[PDB]
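Below is one structure, written out as structure tokens, with a few remarks after it.
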Amino acid sequence: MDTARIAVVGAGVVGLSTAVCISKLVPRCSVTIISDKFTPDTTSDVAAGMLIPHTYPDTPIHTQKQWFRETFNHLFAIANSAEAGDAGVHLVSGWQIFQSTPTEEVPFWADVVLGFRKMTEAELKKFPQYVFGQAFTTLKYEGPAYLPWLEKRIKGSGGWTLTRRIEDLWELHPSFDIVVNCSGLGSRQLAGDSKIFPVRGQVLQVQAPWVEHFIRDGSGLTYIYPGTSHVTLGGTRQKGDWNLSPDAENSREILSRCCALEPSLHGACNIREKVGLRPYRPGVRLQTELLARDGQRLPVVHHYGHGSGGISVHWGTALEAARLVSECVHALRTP
Ligand SMILES: Cc1cc2nc3c(=O)[nH]c(=O)nc-3n(C[C@H](O)[C@H](O)[C@H](O)COP(=O)(O)OP(=O)(O)OC[C@H]3O[C@@H](n4cnc5c(N)ncnc54)[C@H](O)[C@@H]3O)c2cc1C
């Protein structure tokens, strides 16, 4: 037929990024986006948005580092472009502190992020309960702004957004050629894999524009991130908690920790708490599965289980997923 009919389930940041890379990799494409919840309210919108490579347990550290590099150098061109307002990608400076001096003070992502260095004595004076610190400048992406921009790009490519429920993948078989699974935590029901589980995270969005440097205490328990609209203050990592009701004691402990780290936070307004379910998987599922039970073929390339560090690597993972897509499309062309 000389045309390929693609499909991407998932409206998260990676669900759209994958279709972007597919539209710019595969020669002949007709990729569509099909998800229950789109860019107004996805788990990628509630996300803080800082580009800090959280260490994946089950992925090669050089592969993960390269993913962060490929993502960073794309967002870095975005921040220097004219569309940085609409795409919502801005350079954010700040510091990563530590309770005790680590054995090695250089991570695997020092030479990619801008100007990795140590905190001076005068900089260590800003935090009395802390011995060692690091200083650097990264990029933060606003989800309620970045994801709509990706939508406006894929619309130019030729895709469209359908809002329907997909209980099982076989609904796409009698029409679509290949399916791209980017449903995130939802894929637990889609692909049946039980490895992915939800890590609950609650963040208080407070408004205080004087804060302009981010502050992360190394532990995931305390992060203070500046935002273009709401300063994002959070440190909750409950595991297996599907509960999306904002619990109050978390809003107490997060505020106490973050207020201790940055004191000027005392005079702040509009302390509105939201929650989210990180789709956690030891290794981000990125492989081509060919499921077909007493029927015709159905190639499905999986792409989920991003965890707490999926945004900082969403472009590299998109590249690898589009690689599998191109390989399988070639397998369909040639016999
Ligand atoms: C509070 C919080 C803070 C975070 N902070 C950071 C951070 O600073 N840095 C970082 O790198 N990462 C961070 N993350 C992680 C990051 O937000 C996610 O891991 C990642 O964006 C999710 O990738 P995804 O697009 O596959 O999943 P999602 O964003 O959840 O996208 C999945 C989408 O697929 C669709 N879908 C789902 N199920 C179905 C179904 N059954 N049928 C049809 N469509 C379906 C829906 O539209 C859904 O929104 C954070 C996460 C949370 C919760």
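Identifiers for the structure tokens are assigned positionally: chains receive A, B, ... in sequence, residues are indexed from 1 per chain, and ligands are indexed from 1 in the order shown.
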Per-residue DSSP, segment 22-199 of chain A, filtered to helix (DSSP H, G or I), as a tab-separated table (two decimals) with C-alpha atoms, in the first residue's frame:
```
chain	number	residue	atom	x	y	z
A	22	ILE	CA	8.73	9.04	14.63
A	23	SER	CA	7.39	11.77	12.34
A	61	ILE	CA	24.81	4.40	33.23
A	62	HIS	CA	26.43	5.38	29.92
A	63	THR	CA	23.15	4.76	28.06
A	64	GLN	CA	21.26	6.82	30.65
A	65	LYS	CA	23.90	9.56	30.50
A	66	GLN	CA	23.65	9.66	26.71
A	67	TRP	CA	19.85	9.91	26.98
A	68	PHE	CA	20.19	12.93	29.26
A	69	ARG	CA	22.75	14.48	26.89
A	70	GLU	CA	20.52	14.06	23.83
A	71	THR	CA	17.55	15.54	25.71
A	72	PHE	CA	19.52	18.43	27.21
A	73	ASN	CA	21.06	19.57	23.94
A	74	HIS	CA	17.58	19.78	22.39
A	75	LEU	CA	16.00	21.72	25.25
A	76	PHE	CA	19.10	23.94	25.29
A	77	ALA	CA	18.44	24.97	21.70
A	78	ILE	CA	14.78	25.54	22.61
A	79	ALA	CA	15.67	27.87	25.49
A	84	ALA	CA	11.02	29.55	24.54
A	85	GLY	CA	7.97	31.39	25.86
A	86	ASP	CA	5.48	29.11	24.13
A	87	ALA	CA	7.55	25.96	24.70
A	121	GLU	CA	32.52	28.64	51.84
A	122	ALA	CA	30.40	31.77	51.39
A	123	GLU	CA	27.87	29.65	49.50
A	124	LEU	CA	27.93	26.95	52.18
A	143	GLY	CA	4.23	20.92	31.34
A	144	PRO	CA	1.02	22.95	30.89
A	145	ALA	CA	3.10	24.91	28.34
A	146	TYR	CA	5.65	22.46	26.92
A	147	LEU	CA	3.20	19.69	26.07
A	148	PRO	CA	0.78	21.96	24.12
A	149	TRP	CA	3.78	23.11	22.06
A	150	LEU	CA	4.60	19.50	21.17
A	151	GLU	CA	0.95	19.09	20.19
A	152	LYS	CA	1.18	22.10	17.87
A	153	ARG	CA	4.23	20.48	16.26
A	154	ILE	CA	2.62	17.05	15.75
A	155	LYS	CA	-0.44	18.78	14.29
A	156	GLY	CA	1.86	20.32	11.70
A	157	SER	CA	3.25	16.85	11.04
A	169	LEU	CA	-4.44	-3.12	22.67
A	170	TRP	CA	-6.26	-5.34	20.16
A	171	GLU	CA	-8.74	-2.50	19.55
A	172	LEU	CA	-6.09	-0.97	17.29
A	184	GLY	CA	2.94	5.37	31.37
A	185	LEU	CA	1.52	3.90	34.56
A	186	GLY	CA	-1.66	3.00	32.67
A	187	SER	CA	0.35	0.40	30.74
A	188	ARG	CA	0.13	-1.75	33.89
A	189	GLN	CA	-3.30	-2.77	32.59
A	190	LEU	CA	-2.36	-2.42	28.91
```
Enumerate residues in contact with ligand 1: an atom-to-atom distance of at most 7 Å, counting only C-alpha atoms and all ligand atoms. Format the result as number ranges by chain.
-> A: 9-15, 34-38, 42-44, 46-54, 164-167, 182-187, 189-190, 200-203, 275-279, 303-313
Could you name the residues that touch residue 118 of chain A at 7 Å or less, counting only C-alpha atoms, but leaving out those on the same chain fewer than 6 positions away, as JSON, numbers by chain? {"A": [133, 134, 135]}
**Request:** Write out as a PyMOL selection string all residues of segment 61-170 of chain A that backbone DSSP assigns to strand (DSSP E).
**Result:** chain A and resi 89-98+114-118+132-141+161-162
Counting only C-alpha atoms, closest pick from A:159, A:220, A:57, A:94 relative to residue 29 of chain A is A:159
Between A:287, A:247, A:281, A:206, single out the one closest to residue 265 of chain A, counting only C-alpha atoms.
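Once distances to residue 265 of chain A are computed over only C-alpha atoms, the minimum belongs to A:206.
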Check your understanding: Residues at most 10 Å from residue 269 of chain A, counting only C-alpha atoms, excluding those fewer than 3 positions away in the same chain, as a ChimeraX atom specification?
Key -> /A:205-208,265-266,272
